[PDB]
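Some notes on the structure that comes next.
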Amino acid sequence: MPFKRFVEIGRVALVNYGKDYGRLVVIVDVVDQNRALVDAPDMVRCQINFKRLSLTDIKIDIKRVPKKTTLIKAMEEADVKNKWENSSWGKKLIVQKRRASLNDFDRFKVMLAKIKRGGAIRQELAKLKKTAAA
Amino acid sequence: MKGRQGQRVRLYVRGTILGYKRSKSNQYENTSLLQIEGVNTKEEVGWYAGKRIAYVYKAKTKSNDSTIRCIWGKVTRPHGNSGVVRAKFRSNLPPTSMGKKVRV
Amino acid sequence: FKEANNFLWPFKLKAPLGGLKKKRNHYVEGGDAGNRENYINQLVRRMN
Amino acid sequence: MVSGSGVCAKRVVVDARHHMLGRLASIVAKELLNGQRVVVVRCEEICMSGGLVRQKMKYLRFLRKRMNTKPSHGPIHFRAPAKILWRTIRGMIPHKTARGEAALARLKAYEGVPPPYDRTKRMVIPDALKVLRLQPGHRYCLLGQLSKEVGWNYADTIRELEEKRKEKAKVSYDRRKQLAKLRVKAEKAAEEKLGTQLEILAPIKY
Amino acid sequence: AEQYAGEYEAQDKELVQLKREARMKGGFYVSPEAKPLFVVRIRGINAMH
Amino acid sequence: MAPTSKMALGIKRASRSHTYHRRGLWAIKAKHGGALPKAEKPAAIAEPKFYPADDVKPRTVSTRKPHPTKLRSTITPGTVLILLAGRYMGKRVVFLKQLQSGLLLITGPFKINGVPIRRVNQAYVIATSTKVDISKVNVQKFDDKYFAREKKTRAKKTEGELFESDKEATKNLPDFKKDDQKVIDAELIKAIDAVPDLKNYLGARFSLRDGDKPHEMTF
Amino acid sequence: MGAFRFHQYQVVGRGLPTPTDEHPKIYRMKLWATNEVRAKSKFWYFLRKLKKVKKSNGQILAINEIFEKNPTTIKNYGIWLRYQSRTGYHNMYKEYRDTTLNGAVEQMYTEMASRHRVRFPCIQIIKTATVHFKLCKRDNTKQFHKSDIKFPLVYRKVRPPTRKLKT
RNA sequence: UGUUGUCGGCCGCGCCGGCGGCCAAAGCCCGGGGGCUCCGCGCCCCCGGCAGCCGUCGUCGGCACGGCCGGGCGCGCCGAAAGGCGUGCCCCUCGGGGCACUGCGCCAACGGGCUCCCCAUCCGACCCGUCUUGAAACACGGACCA
RNA sequence: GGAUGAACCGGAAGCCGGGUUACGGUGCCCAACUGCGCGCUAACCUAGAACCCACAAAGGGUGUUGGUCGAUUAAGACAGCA
RNA sequence: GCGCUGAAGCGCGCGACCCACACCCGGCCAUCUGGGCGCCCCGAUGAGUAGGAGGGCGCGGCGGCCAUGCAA
């Protein structure tokens, strides 16, 4: 792909790498067809030439031109978009992150136990199949 | 682009070989036992099973056997699981090539 | 103290850690050769 | 980043559909050198970037070369897409040494599907084509579009491709119709699912 | 080294701004530097006179 | 650098104190250094040799320094170790050897009829409340006198002391079985209860001796 | 900004010289560079180019940089420029859309390299000139960006923006 | 005789933090003026208070690992352990700090070589000797050995 | 290191061991990136310091990108049709 | 070489890596610095044809010393 490149606001974007070490961003100022200023509420602004930083589906409700206070206000209005963000499209990383945190005792018993039950569910599910089948 | 999903993959990373056991009379094959210094994360051993360890056979550096043999095995299984791991090598190694730093 | 140097007599430096940027080039082009106050102190702290 | 096709201790099935021939061959040669036993499937559906005439001249300089100069015995040229892929592997591997020849002999390339490897074939980490001919980005050529202009094995291969595709479409259509039924009674029994104290901390780790 | 620069701030006031935002560079005065050296021989003795 | 600054900053300072206690007693440690010591028969030769004393004393100290410290990095007690899981009560094992971390040898006695011993990559071990000064080294496999029963009754007292903590603590009892299942291991949570030791350690110390020398083994 | 592109170095100086009533008189010529290493060198090209001096008959008083000047923010820089290709150096007057002074060099080095072909030995430019947005004359990328600032057109090409994933 | 834990030295590694350099400053909130665009938005610039934190030089501060090689410390008491327990000075005058004050001696655990072949890898360009500026040499000399 | 290679580059070597590098290189063969930001090319140009060894000229090219200057424009252009 | 093409080409920047016998480091061989008691030690440089200069190995018979031999 040459892709989305531009020049507009409201469109959240998600990272294809850099320093930071973060990161999700939305584009505040738009400043030809390569260069753009991306910022976030609790993330640092950067002006990048950013072909290879790709923009996600979920879009946040703001109009064109954002200084800092305005951006904050927009974020407050939205939020919700971050949840979609924790989950899903780009976005994903809070559900994944929930994954990484887990090779650890308390964490390992919570797991055998999800498992143990999962089994009980397989068994109920299987019984159901048998009644349905014939 | 690359559509970063990804996974991570990083070269790091050093480790040392503990010692390589070449045994027969005729039932067993060969073992190598490996220690990475700290590295792979409990998650990153676990998610994986499947480390390639590639160690360069580099002059190290008296006059060494500098040959165009870079050897890369695979890590079979933890035995050590939060540290040390078992490994095997498929060509078979250089001389007593125990010791030398292991890398990916 | 121009004759306190009169050292004893050459420093035997380690090859630099992580290398040069290339040897065939001067300071202007991002190379190593030539005069440079900053980068000598970088280079000697690589040559440990 | 992690290469998501690559190592398995034993597998090895590769999908060649709209993959890039030299990119797929490069990973396959590395899996073969590692001691894997590699089966590339759908060799007819694999892609090479570049404009048809210029791909056609490369192979054609081999085709005038097929004729002459003559004992017999090789230099030799394979008409057909698996065997073109095999010719590509026998340049990718160091092709004068027992370790390389033993790696070559662990490859098979099969056209369509062999009779059934119904364990799915898997895609190589972005080997695949769409973009790598870029939108536009001029032409690409399929190996089954090259080998129609070079000959059988191809021709039988694309006729057997057709039948194996038509029957496995029919068999897929109905297995999907039962799988959807199984999914719907499975999801309702996760919507229901009895209770917890331990059990719902796991779906708070999706 | 701070005092060598330091008179150059303390008297001066023409040096920083105009200078960011405009070209040429200033009249007045300058402070000197010294300074001794170290030499390490990067290139070997093969093919030089 | 942060540990290593502290050592400097006399020099010696306690070692300037040490002399003093001898100076205080009264008047001394030139005479006693010169006048002493033993000698004179013997047989043969150069007498090039040796040991006990003064170097050996830094080498034991020196060897003591990883030893806390590797536990600060990895957390726990030391050896002696209990099956948490398996049998509700049951019995006690000591880590005599690492093939590795993970592959471990867990121990006991056998002099008449005996007792096994396992090498495992796991099966069943989480640690207790005791520390020694080894890491995880001794072995081959030795012990014996009363001690299928004693080591074991030492087990019962720890298994009671543990079983109560396993009731108070766990997530429950079923993956204390997964923790016991693991056995590399290790970091997360370590120190619960089981108070005190004084016997537990005395017992562990004997176990180390028993998996050492000199019994049953000599020809 | 992160791993440079060319911060302009304000060198004030001298020319320190002789027992004759002469002496050299004052300069900046304000040069874009990566820190002192480029300066030293930059002066010998300025001193060879304008005045002829020596190396020694340039003495340098002080250096001041510029620290984020632009605050990230913008202009489409008019550059008066020299590229060496199939002979010596040819003049060019390039006015192009950019971020900043960090970016302008690269877009020139890449356009002098591709567009103009330039290979290593080359030295830089003559000047870089801010201009106003409505004013920017010639041509393609910048004209569109000028239009984007207008607006309507911040909010045009969202019209691919928000049109990859879908609405 | 073989192995494994370690204390000491050497080098490598990644990460974190502070201060000064660019009189510090992006900055933001407050307050005042100018310009462009004169279709208005929006853009810009300058000055004072002020959350704030930045990319780079220099420097210092804190940790954790590996590889290789080898085996300064005590001399009364308590303290498993590490550690403190003699006294004077001074800064801070808080926690504490540095500074000063005889001689002598000198580790743990456990129970092989070589020949030919095969596979990997390189020399590889024979060797070898000679001739030659240059030898594998399609330059010369040898069947092989005693 | 340069596919091979007396004299190009790195480099001047007792033997060994380990560490880091130089030149040069990092898709596979082949250790190590299918590295980052950007831009040009679609001819398989093209994977090339140097070499008897790697050719390509005078001259031409509305291919394509890019820079600039003059004039003409809603006091309606350029072209086409009428 | 396989052979790529929004690059595995090209150019402008850049990050991390790889890689010698080099350079460091450890231990050791000559000469020389010298030192110290026929012997020990500290550090440096230390490829090699023609070739000079010097120490040593082996052959055969002779002499003085000193043995070995029914299994040389």
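Just remember, in the structure tokens the first chain shown is A, the second B, etc., residues are 1-based per chain, and ligands are 1-based in the order shown.
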So which residues touch range 46-49 of chain H within 12 Å, counting only C-alpha atoms (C1' of nucleotides), skipping near sequence neighbours fewer than 5 positions away, as a ChimeraX atom specification? /E:17 /H:29-35
Return the neighbours of chain G among the residues of chain I, cut-off 8 Å, counting only C-alpha atoms (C1' of nucleotides), as a list in words.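 Residues passing the distance filter: residues 38, 39, 40, 65, 66, 67 and 68 of chain I.
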What are the residues of chain C lining chain I at 12 Å or less? Count only C-alpha atoms (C1' of nucleotides), and put the answer as a PDB file with N, CA, C and O atoms, in the first residue's frame.
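Dumped to part_29.pdb:
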ATOM      1  N   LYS C  14      43.397  -0.162  23.040  1.00  0.00           N
ATOM      2  CA  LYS C  14      42.625  -1.349  22.633  1.00  0.00           C
ATOM      3  C   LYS C  14      41.978  -0.958  21.312  1.00  0.00           C
ATOM      4  O   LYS C  14      41.694   0.205  21.102  1.00  0.00           O
ATOM      5  N   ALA C  15      41.646  -1.932  20.370  1.00  0.00           N
ATOM      6  CA  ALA C  15      40.866  -1.517  19.187  1.00  0.00           C
ATOM      7  C   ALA C  15      39.483  -0.939  19.594  1.00  0.00           C
ATOM      8  O   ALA C  15      38.833  -1.465  20.525  1.00  0.00           O
ATOM      9  N   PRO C  16      38.951   0.101  18.947  1.00  0.00           N
ATOM     10  CA  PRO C  16      37.762   0.580  19.476  1.00  0.00           C
ATOM     11  C   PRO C  16      36.525  -0.269  19.425  1.00  0.00           C
ATOM     12  O   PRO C  16      36.189  -0.912  18.486  1.00  0.00           O
ATOM     13  N   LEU C  17      35.830  -0.148  20.518  1.00  0.00           N
ATOM     14  CA  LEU C  17      34.621  -0.809  20.890  1.00  0.00           C
ATOM     15  C   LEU C  17      33.558  -0.232  19.957  1.00  0.00           C
ATOM     16  O   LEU C  17      33.183   0.933  19.956  1.00  0.00           O
ATOM     17  N   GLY C  18      32.977  -1.185  19.167  1.00  0.00           N
ATOM     18  CA  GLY C  18      31.947  -0.838  18.229  1.00  0.00           C
ATOM     19  C   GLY C  18      32.511  -0.127  17.000  1.00  0.00           C
ATOM     20  O   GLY C  18      31.803   0.388  16.117  1.00  0.00           O
ATOM     21  N   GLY C  19      33.842  -0.020  16.836  1.00  0.00           N
ATOM     22  CA  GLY C  19      34.344   0.513  15.598  1.00  0.00           C
ATOM     23  C   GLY C  19      34.261   1.976  15.350  1.00  0.00           C
ATOM     24  O   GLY C  19      33.845   2.781  16.180  1.00  0.00           O
ATOM     25  N   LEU C  20      34.707   2.310  14.133  1.00  0.00           N
ATOM     26  CA  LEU C  20      34.805   3.623  13.589  1.00  0.00           C
ATOM     27  C   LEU C  20      33.486   3.911  12.905  1.00  0.00           C
ATOM     28  O   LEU C  20      32.605   3.035  12.864  1.00  0.00           O
ATOM     29  N   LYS C  21      33.294   5.142  12.328  1.00  0.00           N
ATOM     30  CA  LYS C  21      32.632   5.193  11.024  1.00  0.00           C
ATOM     31  C   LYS C  21      33.827   5.411  10.113  1.00  0.00           C
ATOM     32  O   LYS C  21      34.863   5.856  10.610  1.00  0.00           O
ATOM     33  N   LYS C  22      33.749   4.990   8.816  1.00  0.00           N
ATOM     34  CA  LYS C  22      34.895   4.490   8.069  1.00  0.00           C
ATOM     35  C   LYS C  22      36.167   5.360   7.969  1.00  0.00           C
ATOM     36  O   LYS C  22      36.159   6.593   7.996  1.00  0.00           O
ATOM     37  N   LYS C  23      37.317   4.623   7.956  1.00  0.00           N
ATOM     38  CA  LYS C  23      38.698   5.017   8.184  1.00  0.00           C
ATOM     39  C   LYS C  23      39.277   5.888   7.086  1.00  0.00           C
ATOM     40  O   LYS C  23      40.290   6.559   7.262  1.00  0.00           O
ATOM     41  N   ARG C  24      38.637   5.877   5.891  1.00  0.00           N
ATOM     42  CA  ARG C  24      39.222   6.403   4.687  1.00  0.00           C
ATOM     43  C   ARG C  24      38.781   7.849   4.526  1.00  0.00           C
ATOM     44  O   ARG C  24      38.913   8.432   3.477  1.00  0.00           O
ATOM     45  N   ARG C  46      36.366   4.287  23.994  1.00  0.00           N
ATOM     46  CA  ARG C  46      36.109   3.030  23.221  1.00  0.00           C
ATOM     47  C   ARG C  46      37.375   2.231  23.179  1.00  0.00           C
ATOM     48  O   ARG C  46      37.412   1.015  23.147  1.00  0.00           O
ATOM     49  N   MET C  47      38.540   2.892  23.189  1.00  0.00           N
ATOM     50  CA  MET C  47      39.848   2.227  22.994  1.00  0.00           C
ATOM     51  C   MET C  47      40.465   1.777  24.333  1.00  0.00           C
ATOM     52  O   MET C  47      41.657   1.944  24.503  1.00  0.00           O
ATOM     53  N   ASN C  48      39.636   1.259  25.234  1.00  0.00           N
ATOM     54  CA  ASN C  48      39.903   1.069  26.685  1.00  0.00           C
ATOM     55  C   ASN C  48      40.985   0.032  27.181  1.00  0.00           C
ATOM     56  O   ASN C  48      40.972  -1.150  26.758  1.00  0.00           O
TER      57      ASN C  48
END
Spatial neighbours of residue 141 in chain H, 12 Å, only C-alpha atoms (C1' of nucleotides), chain gap at least 4 places, as a PDB file with N, CA and C atoms (P, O5', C5', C4', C3', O3' and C1' of nucleotides), in the first residue's frame:
ATOM      1  P     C H 128      55.132 -28.455  -1.667  1.00  0.00           P
ATOM      2  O5'   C H 128      56.443 -28.971  -1.038  1.00  0.00           O
ATOM      3  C5'   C H 128      56.984 -30.279  -1.217  1.00  0.00           C
ATOM      4  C4'   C H 128      57.539 -30.739  -2.613  1.00  0.00           C
ATOM      5  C3'   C H 128      58.276 -29.743  -3.366  1.00  0.00           C
ATOM      6  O3'   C H 128      59.287 -29.460  -2.552  1.00  0.00           O
ATOM      7  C1'   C H 128      57.832 -31.547  -4.830  1.00  0.00           C
ATOM      8  P     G H 129      59.873 -28.192  -2.162  1.00  0.00           P
ATOM      9  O5'   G H 129      60.729 -27.927  -3.470  1.00  0.00           O
ATOM     10  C5'   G H 129      61.892 -28.765  -3.553  1.00  0.00           C
ATOM     11  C4'   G H 129      62.482 -28.969  -4.876  1.00  0.00           C
ATOM     12  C3'   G H 129      62.790 -27.687  -5.625  1.00  0.00           C
ATOM     13  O3'   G H 129      63.969 -27.026  -5.091  1.00  0.00           O
ATOM     14  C1'   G H 129      61.829 -29.284  -6.742  1.00  0.00           C
ATOM     15  P     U H 130      64.088 -25.429  -5.253  1.00  0.00           P
ATOM     16  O5'   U H 130      64.317 -25.345  -6.816  1.00  0.00           O
ATOM     17  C5'   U H 130      65.499 -25.979  -7.335  1.00  0.00           C
ATOM     18  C4'   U H 130      65.430 -26.052  -8.859  1.00  0.00           C
ATOM     19  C3'   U H 130      65.224 -24.727  -9.565  1.00  0.00           C
ATOM     20  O3'   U H 130      66.486 -24.056  -9.637  1.00  0.00           O
ATOM     21  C1'   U H 130      63.710 -26.211 -10.466  1.00  0.00           C
ATOM     22  P     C H 131      66.504 -22.474  -9.656  1.00  0.00           P
ATOM     23  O5'   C H 131      65.967 -22.145 -11.101  1.00  0.00           O
ATOM     24  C5'   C H 131      66.739 -22.530 -12.243  1.00  0.00           C
ATOM     25  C4'   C H 131      65.922 -22.264 -13.503  1.00  0.00           C
ATOM     26  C3'   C H 131      65.331 -20.865 -13.653  1.00  0.00           C
ATOM     27  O3'   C H 131      66.333 -20.001 -14.178  1.00  0.00           O
ATOM     28  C1'   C H 131      63.615 -22.400 -14.133  1.00  0.00           C
TER      29        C H 131
END
Can you tell me, as a ChimeraX atom specification, which residues in range 42-114 of chain D count as alpha helix (DSSP H) by DSSP? /D:52-65,81-92,98-104
Please produce a file of those selected residues containing C-alpha atoms, as a PDB file, in the first residue's frame.
ATOM      1  CA  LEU D  52       5.853 -10.971 -18.761  1.00  0.00           C
ATOM      2  CA  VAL D  53       8.209 -10.428 -21.771  1.00  0.00           C
ATOM      3  CA  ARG D  54      11.273 -10.087 -19.501  1.00  0.00           C
ATOM      4  CA  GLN D  55      10.325 -13.150 -17.433  1.00  0.00           C
ATOM      5  CA  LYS D  56       9.540 -14.954 -20.761  1.00  0.00           C
ATOM      6  CA  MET D  57      13.011 -13.985 -22.292  1.00  0.00           C
ATOM      7  CA  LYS D  58      14.875 -15.317 -19.158  1.00  0.00           C
ATOM      8  CA  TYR D  59      13.328 -18.784 -19.418  1.00  0.00           C
ATOM      9  CA  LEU D  60      13.468 -18.680 -23.254  1.00  0.00           C
ATOM     10  CA  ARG D  61      17.199 -18.149 -23.196  1.00  0.00           C
ATOM     11  CA  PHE D  62      17.158 -21.475 -21.388  1.00  0.00           C
ATOM     12  CA  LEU D  63      14.657 -22.909 -24.004  1.00  0.00           C
ATOM     13  CA  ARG D  64      17.047 -22.122 -27.055  1.00  0.00           C
ATOM     14  CA  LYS D  65      19.741 -23.487 -24.569  1.00  0.00           C
ATOM     15  CA  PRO D  81       5.624 -25.162 -12.125  1.00  0.00           C
ATOM     16  CA  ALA D  82       6.724 -27.661  -9.416  1.00  0.00           C
ATOM     17  CA  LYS D  83       9.797 -28.394 -11.345  1.00  0.00           C
ATOM     18  CA  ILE D  84      10.576 -24.764 -12.001  1.00  0.00           C
ATOM     19  CA  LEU D  85      10.326 -24.360  -8.179  1.00  0.00           C
ATOM     20  CA  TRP D  86      12.667 -27.385  -7.771  1.00  0.00           C
ATOM     21  CA  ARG D  87      15.093 -25.721 -10.255  1.00  0.00           C
ATOM     22  CA  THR D  88      14.895 -22.540  -8.046  1.00  0.00           C
ATOM     23  CA  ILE D  89      15.687 -24.628  -4.864  1.00  0.00           C
ATOM     24  CA  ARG D  90      18.651 -26.283  -6.634  1.00  0.00           C
ATOM     25  CA  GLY D  91      20.179 -22.787  -6.937  1.00  0.00           C
ATOM     26  CA  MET D  92      19.210 -21.452  -3.514  1.00  0.00           C
ATOM     27  CA  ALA D  98      26.378 -33.440   0.268  1.00  0.00           C
ATOM     28  CA  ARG D  99      24.804 -31.255   2.993  1.00  0.00           C
ATOM     29  CA  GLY D 100      23.135 -29.202   0.212  1.00  0.00           C
ATOM     30  CA  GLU D 101      22.130 -32.186  -1.933  1.00  0.00           C
ATOM     31  CA  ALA D 102      20.680 -33.905   1.152  1.00  0.00           C
ATOM     32  CA  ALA D 103      18.736 -30.662   1.826  1.00  0.00           C
ATOM     33  CA  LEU D 104      17.493 -30.597  -1.835  1.00  0.00           C
TER      34      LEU D 104
END
Those in range 78-117 of chain G with strand (DSSP E or B) from DSSP, as an MDAnalysis selection string: chainID G and resid 78:84 89:95
Nearest to chain H, restricted to only C-alpha atoms (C1' of nucleotides) and choosing among F:21, F:41, F:92, F:87, comes out as F:21
I want to know what sits within 10 Å of range 23-30 of chain F, based on only C-alpha atoms (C1' of nucleotides), with residues of the same chain fewer than 6 positions away left out; could you give that as a PDB file with N, CA and C atoms (P, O5', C5', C4', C3', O3' and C1' of nucleotides), in the first residue's frame?
ATOM      1  N   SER F  17      40.263  -0.958  65.027  1.00  0.00           N
ATOM      2  CA  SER F  17      39.701  -1.460  66.308  1.00  0.00           C
ATOM      3  C   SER F  17      40.281  -2.813  66.799  1.00  0.00           C
TER       4      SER F  17
ATOM      5  P     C H  75      41.092 -11.804  63.641  1.00  0.00           P
ATOM      6  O5'   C H  75      42.558 -11.990  64.343  1.00  0.00           O
ATOM      7  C5'   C H  75      42.785 -13.192  65.056  1.00  0.00           C
ATOM      8  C4'   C H  75      44.175 -13.070  65.806  1.00  0.00           C
ATOM      9  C3'   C H  75      44.311 -11.952  66.681  1.00  0.00           C
ATOM     10  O3'   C H  75      43.522 -12.145  67.916  1.00  0.00           O
ATOM     11  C1'   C H  75      46.306 -12.112  65.450  1.00  0.00           C
ATOM     12  P     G H  76      43.761 -12.185  69.424  1.00  0.00           P
ATOM     13  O5'   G H  76      42.271 -12.288  70.016  1.00  0.00           O
ATOM     14  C5'   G H  76      42.271 -12.943  71.300  1.00  0.00           C
ATOM     15  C4'   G H  76      41.240 -12.224  72.235  1.00  0.00           C
ATOM     16  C3'   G H  76      39.756 -12.452  72.199  1.00  0.00           C
ATOM     17  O3'   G H  76      39.393 -13.683  72.839  1.00  0.00           O
ATOM     18  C1'   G H  76      40.056 -10.245  72.322  1.00  0.00           C
ATOM     19  P     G H  86      34.676   0.078  69.763  1.00  0.00           P
ATOM     20  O5'   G H  86      35.532   0.744  70.884  1.00  0.00           O
ATOM     21  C5'   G H  86      36.036  -0.051  71.976  1.00  0.00           C
ATOM     22  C4'   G H  86      37.044   0.749  72.801  1.00  0.00           C
ATOM     23  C3'   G H  86      36.962   2.219  72.684  1.00  0.00           C
ATOM     24  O3'   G H  86      36.173   2.764  73.697  1.00  0.00           O
ATOM     25  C1'   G H  86      39.031   1.652  71.915  1.00  0.00           C
ATOM     26  P     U H 102      50.310   3.373  65.693  1.00  0.00           P
ATOM     27  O5'   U H 102      51.282   2.699  64.576  1.00  0.00           O
ATOM     28  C5'   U H 102      51.564   1.320  64.547  1.00  0.00           C
ATOM     29  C4'   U H 102      52.294   0.911  65.810  1.00  0.00           C
ATOM     30  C3'   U H 102      53.259  -0.298  65.711  1.00  0.00           C
ATOM     31  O3'   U H 102      54.607   0.159  65.441  1.00  0.00           O
ATOM     32  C1'   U H 102      51.644  -0.640  67.367  1.00  0.00           C
ATOM     33  P     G H 103      55.404  -0.146  64.114  1.00  0.00           P
ATOM     34  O5'   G H 103      55.193  -1.644  64.043  1.00  0.00           O
ATOM     35  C5'   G H 103      56.161  -2.671  63.684  1.00  0.00           C
ATOM     36  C4'   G H 103      56.313  -3.785  64.702  1.00  0.00           C
ATOM     37  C3'   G H 103      56.245  -5.122  64.096  1.00  0.00           C
ATOM     38  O3'   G H 103      57.561  -5.524  63.776  1.00  0.00           O
ATOM     39  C1'   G H 103      54.547  -5.175  65.710  1.00  0.00           C
ATOM     40  P     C H 104      57.892  -6.327  62.504  1.00  0.00           P
ATOM     41  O5'   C H 104      57.123  -7.720  62.714  1.00  0.00           O
ATOM     42  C5'   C H 104      57.700  -8.723  63.520  1.00  0.00           C
ATOM     43  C4'   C H 104      56.707  -9.831  63.906  1.00  0.00           C
ATOM     44  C3'   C H 104      56.257 -10.531  62.638  1.00  0.00           C
ATOM     45  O3'   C H 104      57.293 -11.497  62.295  1.00  0.00           O
ATOM     46  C1'   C H 104      54.311 -10.219  64.022  1.00  0.00           C
TER      47        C H 104
END
Near range 99-103 of chain F, counting only C-alpha atoms (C1' of nucleotides), which residues have an atom at most 8 Å away, once you skip same-chain residues fewer than 6 positions from it, shown as a PDB file with N, CA and C atoms, in the first residue's frame?
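Final file, around-v8.pdb:
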ATOM      1  N   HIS B  79      14.881 -27.982  30.331  1.00  0.00           N
ATOM      2  CA  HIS B  79      15.013 -28.783  31.466  1.00  0.00           C
ATOM      3  C   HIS B  79      15.733 -27.649  32.078  1.00  0.00           C
ATOM      4  N   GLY B  80      15.072 -27.030  33.052  1.00  0.00           N
ATOM      5  CA  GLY B  80      15.539 -25.835  33.660  1.00  0.00           C
ATOM      6  C   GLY B  80      14.802 -24.602  33.561  1.00  0.00           C
ATOM      7  N   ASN B  81      13.872 -24.467  32.571  1.00  0.00           N
ATOM      8  CA  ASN B  81      12.482 -23.981  32.591  1.00  0.00           C
ATOM      9  C   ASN B  81      12.236 -22.574  33.105  1.00  0.00           C
ATOM     10  N   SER B  82      13.140 -22.117  33.992  1.00  0.00           N
ATOM     11  CA  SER B  82      13.425 -20.791  34.452  1.00  0.00           C
ATOM     12  C   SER B  82      14.926 -20.800  34.652  1.00  0.00           C
ATOM     13  N   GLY B  83      15.585 -20.843  33.513  1.00  0.00           N
ATOM     14  CA  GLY B  83      17.014 -20.778  33.279  1.00  0.00           C
ATOM     15  C   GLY B  83      17.582 -21.606  32.111  1.00  0.00           C
ATOM     16  N   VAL B  84      18.327 -22.607  32.470  1.00  0.00           N
ATOM     17  CA  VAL B  84      19.002 -23.582  31.654  1.00  0.00           C
ATOM     18  C   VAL B  84      18.070 -24.350  30.733  1.00  0.00           C
TER      19      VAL B  84
ATOM     20  N   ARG F 119      15.629 -37.996  40.457  1.00  0.00           N
ATOM     21  CA  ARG F 119      16.034 -36.835  39.669  1.00  0.00           C
ATOM     22  C   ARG F 119      14.839 -36.453  38.856  1.00  0.00           C
ATOM     23  N   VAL F 120      14.554 -35.169  38.896  1.00  0.00           N
ATOM     24  CA  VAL F 120      13.319 -34.740  38.276  1.00  0.00           C
ATOM     25  C   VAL F 120      13.676 -33.454  37.552  1.00  0.00           C
ATOM     26  N   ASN F 121      12.789 -33.083  36.621  1.00  0.00           N
ATOM     27  CA  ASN F 121      12.748 -31.783  36.029  1.00  0.00           C
ATOM     28  C   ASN F 121      11.645 -30.990  36.698  1.00  0.00           C
ATOM     29  N   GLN F 122      11.200 -31.455  37.937  1.00  0.00           N
ATOM     30  CA  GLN F 122       9.929 -30.931  38.419  1.00  0.00           C
ATOM     31  C   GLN F 122       9.363 -31.748  39.568  1.00  0.00           C
ATOM     32  N   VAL F 183       8.859 -26.621  39.210  1.00  0.00           N
ATOM     33  CA  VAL F 183      10.165 -26.931  39.777  1.00  0.00           C
ATOM     34  C   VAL F 183      11.513 -26.901  39.074  1.00  0.00           C
ATOM     35  N   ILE F 184      11.678 -25.872  38.265  1.00  0.00           N
ATOM     36  CA  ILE F 184      12.812 -24.844  38.079  1.00  0.00           C
ATOM     37  C   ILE F 184      13.050 -24.069  39.511  1.00  0.00           C
ATOM     38  N   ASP F 185      12.984 -22.675  39.370  1.00  0.00           N
ATOM     39  CA  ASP F 185      11.406 -22.315  39.484  1.00  0.00           C
ATOM     40  C   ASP F 185      11.484 -20.703  39.610  1.00  0.00           C
TER      41      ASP F 185
END
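Neighbours of residue 30 in chain G closer than or equal to 10 Å, with only C-alpha atoms (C1' of nucleotides) counted and sequence neighbours fewer than 6 positions away skipped, come out as residues 19, 20, 22, 23, 24 and 25 of chain E; 8, 9, 10, 11, 12, 39, 42, 43, 46, 63, 64, 65, 126 and 127 of chain G.
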At a cut-off of 9 Å, list the chain B residues touching chain A, using only C-alpha atoms, as a PyMOL selection string. chain B and resi 1-5+42-43
Tell me the residues of chain B close to chain J, meaning within 12 Å using only C-alpha atoms (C1' of nucleotides), as a list in words.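 Those within range of chain J come out as residues 1, 10, 11, 12, 13, 55, 56, 57, 58, 59, 60, 61, 62, 63, 64, 65, 66, 67, 68, 70 and 104 of chain B.
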